[PDB]
């Protein structure tokens, strides 16, 4: 059959570009991510540097198939996240996250934090109250949202809300 013969060729050529185009998408996607993470780390490292007071020189973010691993360089030897102290952990975690924001925006003027603390911890809570006063107050405006009364004395303005009789009420404090 004539017609059925050609639709096979046409099909074949098209297969060639729909296939060679996919490849590029595969290439770029890669690169986009490769760089993106490099620059994110260059930042994350520094942001992390001031969070620990030099204790940790560089953070390492490297991408792999369906997985991005973080390493903290200690005594030259690369090391696992579990190698860090509970605080150093929430630290790196945060340091990383901001690093992204800083990458994606370039500048951090506003910053909305929707509850980072895990049910009023003390180990973490502490480090945060630290990271809070020695670094974050630096930012123009940060809207922290948490249920850990503790934090109440490091934040500039405490504005307590509470579900009082169905409707929510806003009670200022400072």
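Numbering follows the first chain given and starts at 1.
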Looking only at CA atoms, which has the higher mean B factor in the entry: 98 to 106 or 68 to 76?
68 to 76
Determine, for stretches 135 to 143 and 109 to 117, which one has the higher mean CA B-factor as deposited.
109 to 117
Using the B-factors in the PDB entry, rank residue 45's C-alpha atom against the chain and give the third, lowest, middle or highest.
lowest
Binned into thirds over the chain's modelled residues, the C-alpha B-factor of residue 52 lands in the middle
Quick check for you: using the entry's CA B-factors within this chain, is residue 11 in the lowest, middle or highest third?
lowest
Entry-reported C-alpha B-factor of residue 124 relative to its chain, by third, is highest
Please place residue 30 in the lowest, middle or highest third of its chain by C-alpha B factor as given in the entry.
middle
